[PDB]
Amino acid sequence: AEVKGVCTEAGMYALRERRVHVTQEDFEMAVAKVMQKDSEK
Amino acid sequence: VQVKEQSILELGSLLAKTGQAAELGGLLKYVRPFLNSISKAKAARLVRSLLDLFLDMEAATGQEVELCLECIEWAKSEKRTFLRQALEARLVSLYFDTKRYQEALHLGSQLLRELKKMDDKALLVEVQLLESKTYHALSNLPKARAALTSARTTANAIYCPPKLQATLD
Amino acid sequence: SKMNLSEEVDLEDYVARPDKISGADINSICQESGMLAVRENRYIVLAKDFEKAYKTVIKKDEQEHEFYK
Amino acid sequence: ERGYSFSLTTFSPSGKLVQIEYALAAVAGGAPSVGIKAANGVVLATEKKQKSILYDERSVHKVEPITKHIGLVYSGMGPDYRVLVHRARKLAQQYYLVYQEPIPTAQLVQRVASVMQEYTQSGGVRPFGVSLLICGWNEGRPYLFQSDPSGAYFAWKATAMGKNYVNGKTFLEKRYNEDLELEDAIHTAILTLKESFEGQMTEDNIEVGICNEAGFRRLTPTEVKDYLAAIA
Amino acid sequence: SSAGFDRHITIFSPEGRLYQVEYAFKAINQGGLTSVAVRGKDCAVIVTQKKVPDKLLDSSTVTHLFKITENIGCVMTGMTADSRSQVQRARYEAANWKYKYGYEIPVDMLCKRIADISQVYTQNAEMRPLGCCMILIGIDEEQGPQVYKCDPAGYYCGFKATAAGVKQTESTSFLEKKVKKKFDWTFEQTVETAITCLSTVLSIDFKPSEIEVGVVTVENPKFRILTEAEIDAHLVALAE
Amino acid sequence: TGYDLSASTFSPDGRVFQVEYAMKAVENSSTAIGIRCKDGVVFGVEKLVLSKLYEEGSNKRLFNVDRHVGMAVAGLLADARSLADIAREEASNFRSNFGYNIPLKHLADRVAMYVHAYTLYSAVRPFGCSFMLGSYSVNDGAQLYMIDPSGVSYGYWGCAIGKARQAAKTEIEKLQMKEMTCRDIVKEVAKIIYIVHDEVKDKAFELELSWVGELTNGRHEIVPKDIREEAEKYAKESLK
Amino acid sequence: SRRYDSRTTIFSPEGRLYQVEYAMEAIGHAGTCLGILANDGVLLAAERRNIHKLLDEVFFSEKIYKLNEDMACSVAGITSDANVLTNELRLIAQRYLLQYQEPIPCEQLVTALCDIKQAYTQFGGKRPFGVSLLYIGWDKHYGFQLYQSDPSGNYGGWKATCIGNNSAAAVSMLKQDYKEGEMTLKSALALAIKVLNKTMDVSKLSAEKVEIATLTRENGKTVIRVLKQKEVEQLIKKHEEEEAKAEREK
Amino acid sequence: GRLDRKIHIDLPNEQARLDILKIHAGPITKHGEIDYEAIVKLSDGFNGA
């Protein structure tokens, strides 16, 4: 279930930077953010 | 019995207050044997409290780097891992002010494995920021446009130092 | 930023305390210290005001029954 | 008078001792503590924090030396820790009066666990509420042990018991290894006690004891102040 | 929160608590009295209040203070009978220590042994854990004065200034604020502070026939009860 | 519920209920008074006449524990008798051990501790009698003490136990008992008894009086018949 | 006093009694051990439970205890009670040697301990013992012997036995594959390895996850051995190779 | 935000019991020998009502 989450969230990161495609570092930042939010409860 | 240690620390403090740099080096070259008479913690604290202020005071083109060299060597001797980690980080940051090219990359590259395998994550932020700055200052814009972001990544997660986010920004 | 709040009052003494108050209690803290200053006809708020106000708002006795530890 | 003469801990329909489990749940809420050893000695660290400034912290201790070379610390209930310490002292004297030789640590642990378990099958009582950590240095090789209200005992290289003890276990796993020094051990133990420490760390809120192949000692506030310095 | 017999005997609750001990602590407040103890630079002082609702009662036989030993004094809070029983136990234990070892008992060991005796009650399922709290003051050589407190659950400890009774919390607050001054202490200062603390907590402005005081000093370790005359002297001198 | 069954379990509010039930058991006895004079004390008991078949002097409620100490009781007769026996045995044991008549301040304490031992364990029940002790000594003055089921020993100028404790102690306090000697006290006691237990509650009763003091060489005994005759004749006038 | 009693001794309307039943349900979980005997030498296999990365790994034994020069036993259930029972029987055997100057037969020792155990469920009002343990030995009256105990008190002589959580499958598969008096200390071991394989859900049979003890008869030694961890993995790979050949053949 | 201050009203102190009793004793046709201090002395734990 978290893989769908990381795919959903990786788009918002490109949205913030006003881009048109999704780079790999966006994926990894989304990965770390999901790990971190899961680390709490 | 212990009064001479406090006197040494007072002399170092006064040398920093008045604005002298050579006398710190002279005391450090005159006091290295004396360490082998006190507890390890007291000696390590004296070494750290001397090197911190010594390097902080200013920059000397000839005196400064050998002090860090000898300190890393003595820590390698006494076998304290974290002390050597901190001193090595201080040295790798010290290189850039002297405008070096290669070694500032190699030392940090070596340090990354051990640092990322241990407990702390703040030093990850420090070495990543240093690597980013040295990449940018050596006219290689492609290389550095990624490290900084991952360092901010580790930082925003769990962090406590105020001076870190400002420099990152 | 709205109160004159003297010049020597220290705030770090209060942020570092632990008590997980809400966000609508900070407002009541500042409001109460201000009223405490108004009572005695002094128009500049001093540190003792903050002290008594903080104690007034929080009210947690001990709840720390000790021999379990 | 007369007691009750029937035990209060009995098997549940799923075959689980309810009382010993509830005792463990109570134990988990005590003051945290950690213990480490590496090739030259053993270190025990624990946290203490008085509620107000009126308490005289110089009157009571957590780390209690049984003999010149055996150390004990606890996590959990307050009072009965003293009873167990007294029994351990007595057992030590009883053994020394036969063989004229200091007790090896394993035998001491066996006897103490024997008492603790025997206490759950007697009449009209409830078990203790403590978890013990025992350290010693006999025949060169250092030894560490951890008991349990159920009576089972283990040998650990480095462990942590108390609040949030699972995170302490994970952290020690991610840091502990097989070859180190006593000083690094002390530093890493203090660091792991600071994982969820109080608002501030001082020299009187931390109790640390060491035992090397030269003996067991409790460190005075001066060296605690020095070690807390040049750290964190 | 509970099931079975957690509410009737001293056995563990599912959440890890046990209630038959937690009830004694609130049983303490049934009498409705309060006592305060202070440790000075070279003195130790204890102040308590007494209430005599009717004239028929002989006012000379309601003292809560008792003399354990020629160098050690105790003050009582809580119920009455349990208090007397614990007092007798302490006297007997000290006398036995003197018979066995041939020199005086230090205050700390005595408090430890009485608290340990209390601890057994909360271990079995036949007795009641004695709801009455104890305060001891004494002088130890090479250590000056010392003040200790013992509770029904078995947790003893040495303090610097303590209060036991209905109003424990505010009194501890006041004492903490006062001791934060970090200054020297003398006999007059100790007695004045101890008096005014209780005076302001209860807000009475009393008369010399309602308060009892015990002291000990490092010039004459014999515990003594202050005479009403010098109590009046202290009280009137306090009010500038 | 179920917290009031045994005497080993605290209520949530922090008190024992069995002892309270016992005290309520006491509050249905008849009535007894005891007051101290300049140089002695005087007891007074009113005994209801249940039926004409019994004799006078039956079921004495006044017991002379020793050759110089008197006892009055209220509660259940059997428990009172057992306590009287244990007190008497304690007095004789003390005389044999040391060799002189026991002072009150010690005998009352011994009985109180023995009674208090019956309120902890669940294998026994608390007693059901409250009593009074009196005595006089030439070198010690006049002593009066009162003891309740809980185990509390107090000293009184004069007290009363039974149904109408409050009503009686209203008129106990009016008398100036600090000076006037207890030769005219007896008339006051007869008057103060005849002004209670109206005829509506019961028709007839009888009266007992005791005596102690140096007026009788310190011994404790019963009053002569003519003296109580005169006292009753006098108290017959107070109904006006 | 009666309001707080639990009655750990009464019967039930249906005939049985519940304390030992609950004890059996608890003894069902928590551990796995089995024993096999077919020729000179008998084997015990125990599945280790405490296998975390932070254990000192000392004392040479964790579920195997010597009781005499030729007596060894494993155990399953609550460990502390196991310590109690082992200590209790140790001086039983010592006192037998004191009385007769002769090594004790196995069956007498087992019966004495079983009497001690049953006394608790006969009277006294205490909780019973939650321990099920094995026995292996050699004696002059009947040679090599194996035995199983029960918290109730009953015992019996057996050739192949399991007590672990999945003992049912162990019994079923030992029933179908056994040979009477031929399995020496070379063929029974592979069968034991594969049996333990089927019992434990984790495959690959981690070398550190199992322990094997063997008993052999010698003229003046009566050798009791615990083979080390440098020789288990070879057994594992030998079984893997033979199973691979059988797999590829079919 | 909603209810800012909470004000506690307790059982009267002895001085307060004197103060309160003086009032409702006002209009009664009494005689000038009354000592309120004893009535205070007994009234432990009474409410004003």
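Residues numbered from 1 in each chain as written, not as in the entry; some residues may be left out. Chains lettered and ligands numbered in written order. Part of a larger assembly, values for the part shown. Heavy atoms only, no water. Residues with missing side-chain atoms left out of burial classes, pairs and counts.

Per the deposited record, the coordinates in this entry were obtained by cryo-EM to a resolution of 3.8 Å.

As annotated in the PDB entry, chain E carries the name Proteasome subunit alpha type-6 and is attributed to Homo sapiens.

The name that the PDB entry assigns to chain B is 26S proteasome non-ATPase regulatory subunit 11, with the source organism given as Homo sapiens.

Moving on, we come to a negative patch on the surface. Residue and element names in this part refer to chain G. A contiguous patch of negative charge on the surface is contributed by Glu240, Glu241, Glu242, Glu243 and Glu247. Summarising the element assignment, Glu240 is placed in helix α6 (residues 232-249). Judged by relative accessible area, which is 30%, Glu240 ranks as partly exposed. (Patch = residues over 30% accessible without salt bridge, like charges linked within 9 Å, V, L, I, M, F, W, Y side chains within 5 Å. Areas by Shrake-Rupley, 256 points an atom, 1.4 Å probe, with all protein chains shown as cover. Salt bridge = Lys/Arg side-chain N within 4 Å of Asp/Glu carboxyl O. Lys, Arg positive; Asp, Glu negative; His and termini not counted. Charge placed at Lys NZ, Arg CZ, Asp CG, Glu CD. Helix = DSSP H or I, 4+ residues; strand = E, 2+ residues; numbered from the N terminus. Buried < 20%, exposed > 50% of the residue type's maximum accessible area, 1.4 Å probe, protein only.)

Further remarks concern the sheet that holds strand β8 (residues 161-165) of chain E. All names here are of chain E. What the five strands build is an open sheet, ordered β8-β1-β2-β9-β10; its pairing is antiparallel. With one partner strand each, in any of the chains shown, β8 and β10 (224-225) form the two edges of the open sheet. Summarising the sheet, strand β2 (residues 43-49) and strand β9 (residues 211-217) pair through seven bridges and their orientation is antiparallel. Within β9, the position partnered with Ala44 by the bridge is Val216. With respect to the sheet, helix α4 (residues 168-179) is in contact with β1 (34-39) and β8, its orientation differing from that of β8 by roughly 165 degrees. (Pairing = 2+ DSSP bridges. Contact = heavy atoms within 4.5 Å. Axes fitted to C-alpha atoms, helices over the stretch in contact; angles between N-to-C directions.)

Moving on: the arrangement of the chains. As for chain F relative to chain C, no contact occurs, and the smallest C-alpha gap between them is 17 Å. With no contact formed, the shortest span from any C-alpha in chain B to any C-alpha in chain H equals 32 Å.

Another point: the state of the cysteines. Residues and elements named next belong to chain F. According to the stated counting rule, one finds one disulfide over all chains in the structure shown. At a sulfur-sulfur separation of 2.0 Å, the disulfide partner of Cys37 is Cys182. Residue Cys37 is found in the loop between β1 (31-36) and β2 (40-48), and its partner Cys182 is found in the loop between α4 (165-172) and α5 (185-194); the two are separated by 145 residues along the sequence. Considered together, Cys37 and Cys182 belong to a single accessibility category, that of buried residues. (Disulfide = S-S within 2.5 Å.)

Another point: the interface of chain D and chain G. The parts lose accessible area when they come together, and the size of an interface is often stated as this lost area. Contact with chain D, which involves 29 residues of that partner, is made by 29 residues of chain G. For the side of chain D that touches chain G, the class distribution of residues is 12 nonpolar, 14 polar and three charged. (Nonpolar A, V, L, I, M, F, W, Y, C, P; charged D, E, K, R; others polar.)

Our next topic: the pairing of strand β4 (residues 70-76) of chain D. Residues and elements named next belong to chain D. By the criterion of burial, β4 is predominantly enclosed, with seven of the seven residues buried. Examined bridge by bridge, strand β3 (residues 64-67) and β4 share three bridges and lie antiparallel to one another. Paired with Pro65 across the strands is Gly71, a residue of β4. Hairpin connection between β3 and β4: a loop of two residues separates the two successive antiparallel strands. Sheet topology note: the β4/strand β5 (residues 130-137) ladder contains seven bridges and is antiparallel. Following the sheet pairing, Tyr74 is matched in β5 by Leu132.

It is worth spelling out the sheet that holds strand β8 (residues 158-162) of chain F at this point. All names here are of chain F. Read across the open sheet, the five strands follow the order β8-β1-β2-β9-β10; overall the sheet is antiparallel. The open sheet has two free edges, formed respectively by β8 and β10 (220-222), since each of these has just one partner strand. Geometrically, the sheet is characterised by an average inter-axis angle of 15 degrees between neighbouring strands, direction not taken into account. As judged from the three bridges shared by strand β9 (residues 205-213) and β10, these two strands associate in the antiparallel manner. Counted as the bridge partner of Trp211 is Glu221 from β10. Against the sheet, α4 makes contact with β1 and β8, and its axis sits at roughly 160 degrees relative to β8, the strand it touches most.

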